[PDB]
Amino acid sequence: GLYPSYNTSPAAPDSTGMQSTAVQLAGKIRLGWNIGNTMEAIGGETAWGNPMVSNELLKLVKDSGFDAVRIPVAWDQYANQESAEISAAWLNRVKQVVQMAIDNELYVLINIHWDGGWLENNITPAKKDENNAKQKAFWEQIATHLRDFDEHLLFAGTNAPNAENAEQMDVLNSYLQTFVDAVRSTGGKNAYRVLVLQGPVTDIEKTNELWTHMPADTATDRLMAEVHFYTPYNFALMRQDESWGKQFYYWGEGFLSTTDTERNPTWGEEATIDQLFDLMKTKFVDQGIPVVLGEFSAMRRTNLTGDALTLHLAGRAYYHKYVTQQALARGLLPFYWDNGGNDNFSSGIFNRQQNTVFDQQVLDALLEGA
C-alpha cells in the first residue's frame, strides 16, 4: 500500500435509476460537447482563459441541441502527493458541475484527463505499479464522491493513454482494470454505472491493431470503448508546414481549391473517414459494445483572407457534419472538442464570457449531421 485506501464508505449495490445497459444508454446520445480547457486546466479551472462552468453555459449547451457533455477533469494538481488525497473543495466543485449538468438534462462523462501526464505519458512497465496505486486511490475518491448520481453520469478511466505497442497495451489493460475495480468497489449505484475505456492513443488504427479484450466486470453489459479523431492532422490541427508535410486549409467534395492547390488534402478524405469508422463498428459496436468518439474538431484558420477563408470555412463546416453524420451512422457517439477559444487556431463554438453562440456555422453542421 503506497497510499491509503479511499474506499472508506462502501455502499450496498443500488440499481435504482441504473436500469439501462451501455447499448441502451448510447441509444439516448447523438451529440456531445466537451467542456474543454476548463476543469482540466493546469493551474485551475480558469487558468486556460475560460470562466468557471456555470449553469447558464450548461443551459445554452442543452438548448443548442447537445444531449451530453464530456468533462475533462484534472486531479493530480489538487492532490497531496504523499497520500494521494484529493482536495475536498475540488471534489465538491466537480460534484457541483455534475449536478448542474444533470439538472439541465444532459448525460455527463467525467474522466481523469492528461492531468499533467502522470498516467498518460507513462504507459510503461517501470511506472506500472506506482500508477496503478494512484489510479486506484483517485478513482476510489472520485467514485465515492459521485456515487449517488443516476445513469446520467458515466466515468471514463483515462483520456489519451500513450500505448504504441503490445507491451504498453498490457500496461494500459492493467490501468483500465484498476479503474473498473476501484469504481465497482465503492458500491451504490457505482455497482452498475456505465464506464468508458480508452483505446491505445485513442487512435482508431492502433486500437484495431492492439486492443485484445475489455476489462473484467462484476456488472453485466455496462462498458463502452473510446476513441478520438483528428484525421487528417494536416487539416484539423497543423499550424505550420514541416519537412514532412504541408497544412491543409480546405476539405471535402466541392470545397477544394483550384488557385492554392497545395492546400487541398492528399489524404484523409471521406472514404478514409468511412473506412476508419467501419473498423470500430466491427471490433466493438457489432459485438454489442458502443464506442464513444470522445474528441474531434478541425480548428478555425482566421489568418486566411478573402475567398480562401470563405472556402476553408465551408469545408471546415462540412468536415464536422460528415464526421458527426458518418460516426452516428456507425454506432460511434460524437463529442465535439471545444476549447473555448474564438480566435485563430481555436475550436470554441460558444462565446463562454457571454453565454452566446460564436460559431453558428459549425453548430448547424453538427446538428445537421446529428
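All residue numbers are counted from 1 along the displayed sequence.
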query	finding
Comparing 93-101 with 204-212, the one whose average Cα B-factor in the PDB entry is higher	204-212
Residue range whose averaged C-alpha B-factor is higher in the record, 15-23 or 345-353	15-23
Which of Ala79, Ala219, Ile112, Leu172 ranks first by CA B-factor in the deposited coordinates	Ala219
Residue of maximum C-alpha B factor among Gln168, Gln287, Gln177, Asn121, per deposited coordinates	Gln287
Record-listed C-alpha B factor of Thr158: chain third	lowest
Third assignment of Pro125 from its chain's C-alpha B-factors	middle
Assigned third (lowest, middle, highest) for the C-alpha B factor of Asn34	lowest
Relative C-alpha B-factor of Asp260, binned into the chain's lowest, middle or highest third	highest
Within-chain third of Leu60 by Cα B-factor, per the entry	middle
